[PDB]
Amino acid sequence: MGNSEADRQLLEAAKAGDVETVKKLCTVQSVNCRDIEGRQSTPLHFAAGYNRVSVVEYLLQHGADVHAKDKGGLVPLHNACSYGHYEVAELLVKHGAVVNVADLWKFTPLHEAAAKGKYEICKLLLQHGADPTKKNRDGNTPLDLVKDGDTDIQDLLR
């Protein structure tokens, strides 16, 4: 019905950035477990979204999957980019995260960063080959999602 207590605790520890607890629960079997009671985030999704750098580094070095998709098709790079976590985004890319990956609605990490107003994240993605012309299912590019005030992000993607 729910996650095992061990997996629930691992997921919570990833979210909380409690690296000592992560180290005590993380194994090859549990490292990519999924939060069945939420949107099926893995430990890496939680660590990436809540800017838990030490946890992200540990997870990446112990079998965490940069390609794992949650219930909505997001990979942990989407979480990092949506919430502006530059160092985390850098660690994921260094461990082979695919920049042009898309979720169930065909949003890429660049769509997330652009919509959320994260210039340096947008620039980081571009240098690693992020395609600013990719349309999501609506037909919108990352440029299309940029808020009007962000003329610098507009200029970059443009």
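One-based numbering along the sequence shown. Superpose the two forms; the largest set of C-alphas matching within 1.5 Å is the rigid core.
Remark: when the other structures in 9 other deposited structures of this protein are fitted onto this one via the rigid core, 144 to 152 deviates more than the alternative among 144 to 152 and 12 to 20, judged by RMS CA distance. In this entry, the higher average B-factor at the C-alpha atoms falls on 113 to 121, of the pair 85 to 93 and 113 to 121. Comparing 9 to 17 with 134 to 142, the stretch with the higher mean C-alpha B-factor in the PDB entry is 134 to 142. Considering 62, 52, 128, 67 together, the PDB entry gives 128 the largest C-alpha B factor. In the PDB entry, a CA B factor belonging to the lowest third of its chain's modelled residues is recorded for residue 42. Residue 32: CA B factor in the lowest third of modelled residues in this chain (values from the PDB entry). In the deposited entry, the Cα temperature factor of residue 26 places it in the middle third of its chain's modelled residues.
Compared with the other modelled residues of the chain, the Cα B-factor recorded for residue 104 ranks in the highest third.
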